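Residue numbers (PDB author numbering), protein chains in the order written: chain A, 139 to 275; chain O, 2 to 96; chain P, 2 to 96; chain Q, 2 to 96. Below is one structure; the comments refer to it alone.
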Amino acid sequence: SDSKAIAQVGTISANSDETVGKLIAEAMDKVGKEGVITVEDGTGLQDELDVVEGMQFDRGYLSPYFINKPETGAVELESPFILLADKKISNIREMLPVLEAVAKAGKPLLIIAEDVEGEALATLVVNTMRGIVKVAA
Amino acid sequence: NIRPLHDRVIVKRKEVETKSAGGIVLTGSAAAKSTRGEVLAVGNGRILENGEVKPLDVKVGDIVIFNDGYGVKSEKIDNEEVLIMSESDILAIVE
Amino acid sequence: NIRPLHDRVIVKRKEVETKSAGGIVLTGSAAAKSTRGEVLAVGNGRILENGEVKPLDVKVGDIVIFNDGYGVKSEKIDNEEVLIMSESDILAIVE
Amino acid sequence: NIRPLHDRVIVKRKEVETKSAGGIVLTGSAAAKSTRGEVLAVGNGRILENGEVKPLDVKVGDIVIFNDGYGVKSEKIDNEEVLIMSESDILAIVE
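This is the structure:
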């Protein structure tokens with residue numbers, strides 16, 4: 139259970155390589171008992187460990203104009219609302235009530251849906267930089 | 002100056018609304034063409050089968066609700082688009 | 002405020018009932034659109050061939066049964082949906 | 002309690018016959034839906050071109066033979082199917 143013994147086991151199992159054992163012990167300590175660790179090919183000549191805390195999934199923004207911090211090319215929202223729509227969003231008409239309510243509230247909105255069609259995407263992106271609502275999809 | 006014949010009325014539609022019930026701006030196919038207009042000219046009246054003519058109920062200056070169909074014609078008068086339409090297509094008068 | 006012309010009547014359909022002769026709720030295509038409504042405004046009356054007018058039978062405040070069709074039009078007034086349709090589409094009046 | 006307008010009549014369709022001219026029982030699409038009914042309410046009268054009304058020939062309590070078509074509409078009153086149809090759709094009255 140100690141991290142020293144974990145490092146020793148990882149060192150022995152890797153043909154007596156101390157760095158591998160230290161890296162694996164550190165990764166196990168950081169991730170925890172209930173997490174997962176993965177090994178993949180790198181680019182440089184040294185090993186690196188990247189630990190992701192919280193939830194993250196491999197889907198990006200649906201339109202470049204949603205970016206509000208162009209320095210890093212990323213969309214950052216503070217205290218957002220999350221709309222989880224288990225359906226195809228194609229028409230903006232179904233979204234007027236929630237959009238009006240969010241605009242009244244004054245907090246940003248993030249829409250996670252099956253997909254967004256051009257009409258709704260265009261309406262949302264037009265509303266983004268106009269200063270009415272802050273929306274990403 | 003233009004005036005219609007018989008029971009025809011000339012109307013001009015109002016501009017399509019952008020913001021609807023809030024700051025959300027509608028762009029694209031959602032922003033449908035307005036079905037309200039301003040009457041500019043009024044015909045003398047519809048000719049009855051007997052031969053006499055009765056005046057049209059709509060008067061100049063009113064705001065009317067109508068339906069777009071095959072009977073509504075759009076003409077580019079004096080660099081200002083207006084509609085020539087029959088009185089039967091006028092559904093109601095606002096206020 | 003809007004007033005119809007001639008033999009047209011303005012109604013608003015009642016809300017679709019969910020419960021159906023018991024606790025079973027209906028959601029989706031099974032719960033069809035209501036076929037009853039409330040008259041808000043009544044037109045002046047149909048124009049006869051000679052020229053004289055006759056008042057409509059429906060009076061403001063009644064509940065009507067009507068057939069949906071291509072002639073019935075829906076217009077958004079005061080952020081509320083209403084139906085503008087002719088008096089020939091009224092089938093009967095309840096009570 | 003509903004009363005039809007103009008020349009419309011409300012009828013209730015008679016139950017389809019299963020035992021046909023002897024012991025043979027009919028089930029499925031062979032048993033066509035009945036084309037006889039019972040008149041419940043009668044409209045005031047059809048409006049002529051001049052303006053006067055003509056009372057309908059069918060009287061409440063009669064049994065009628067009608068042609069089902071696009072003009073006959075089915076609607077629900079007191080959780081029972083009844084037919085709203087024009088008096089022109091009634092072919093003949095039995096007895």
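Virtual Cβ for every residue (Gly too), placed ideally from N, Cα, C.
If the criterion is Cβ atoms closer than 8 angstroms, does the pair residue i and residue j meet it?
i	j	result
O:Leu57	O:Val83	no
A:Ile230	A:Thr261	yes
P:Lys20	P:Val12	no
Q:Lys15	Q:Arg37	yes
A:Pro218	A:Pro246	yes
Q:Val43	Q:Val65	no
P:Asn51	O:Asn51	yes
A:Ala274	A:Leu248	yes
P:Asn80	O:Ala22	yes
A:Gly180	A:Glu172	no
A:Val263	A:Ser201	yes
Measuring CA to CA, which of the options is closest to residue i?
i	options	result
O:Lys60	O:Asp79, O:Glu88, O:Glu53	O:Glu88
O:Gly72	O:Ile91, O:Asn80, O:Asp63	O:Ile91
residue 276 of chain A	A:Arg268, A:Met233, A:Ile270, A:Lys242	Nothing can be reported for residue 276 of chain A: it is not among the residues displayed for chain A, which extend from 139 to 275.
A:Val213	A:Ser151, A:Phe204, A:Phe219	A:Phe204
Q:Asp8	Q:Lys15, Q:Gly24, Q:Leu49	Q:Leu49
A:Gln194	A:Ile250, A:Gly256, A:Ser141	A:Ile250
O:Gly29	A:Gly256, A:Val174, A:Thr149	A:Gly256
A:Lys142	A:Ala152, A:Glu164, A:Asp155, A:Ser154	A:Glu164
A:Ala239	A:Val263, A:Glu186, A:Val271	A:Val271
A:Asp140	A:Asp196, A:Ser151, A:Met166, A:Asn206	A:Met166
A:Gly170	A:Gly192, A:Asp155, A:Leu259	A:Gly192
A:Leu221	A:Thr210, A:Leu161, A:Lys242, A:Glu252	A:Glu252
residue 80 of chain A	A:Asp188, A:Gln146, A:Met267, A:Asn206	The displayed coordinates of chain A run from 139 to 275. Any statement about residue 80 of chain A would go beyond what the structure contains.
Q:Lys77	P:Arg47, P:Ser35, P:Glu53	P:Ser35
A:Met267	A:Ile144, A:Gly211, A:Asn206, A:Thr149	A:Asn206
A:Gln184	A:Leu215, A:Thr157, A:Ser151, A:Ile150	A:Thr157
For residue i, list the residues DSSP reports as bridge partners.
i	result
Q:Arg4	P:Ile94
residue 276 of chain A	Lying outside 139 to 275, the shown extent of chain A, residue 276 of chain A is not represented and no answer is given.
Q:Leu84	Q:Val12, Q:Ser75
A:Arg268	In DSSP, A:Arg268 forms no bridge with anything.
P:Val54	P:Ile48
P:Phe67	P:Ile91
O:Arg37	O:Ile66
Q:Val43	Q:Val10
Q:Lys20	Q:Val26
A:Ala212	A:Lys207
A:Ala274	A:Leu248
CA-CA distance, residue i and residue j?
i	j	result
Q:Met86	Q:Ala93	14 angstroms
A:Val236	O:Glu18	20 angstroms
Q:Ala33	Q:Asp69	12 angstroms
A:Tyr199	A:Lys168	29 angstroms
P:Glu39	P:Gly62	7 angstroms
O:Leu6	Q:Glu96	57 angstroms
Q:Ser75	Q:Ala31	22 angstroms
A:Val190	A:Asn153	28 angstroms
A:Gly182	A:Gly159	19 angstroms
P:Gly24	A:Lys225	28 angstroms
P:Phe67	A:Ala241	39 angstroms
A:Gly244	O:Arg47	56 angstroms
O:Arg4	A:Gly269	46 angstroms
O:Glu53	P:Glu53	12 angstroms
A:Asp155	A:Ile162	11 angstroms
A:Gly148	A:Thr176	15 angstroms
A:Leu259	A:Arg197	16 angstroms
A:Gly211	A:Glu178	25 angstroms
Consider the C-beta atom of residue i and the heavy atoms of the ligand ZN; say whether any pair is separated by less than 7 angstroms.
i	result
P:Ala42	For the structure depicted, the ligand ZN is absent and the ligand set is empty, with no information on it obtainable.
Within the 8 angstroms Cβ cut-off, does residue i reach chain D?
i	result
O:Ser30	Here chain D cannot be found, since the structure's protein chains are A, O, P and Q.
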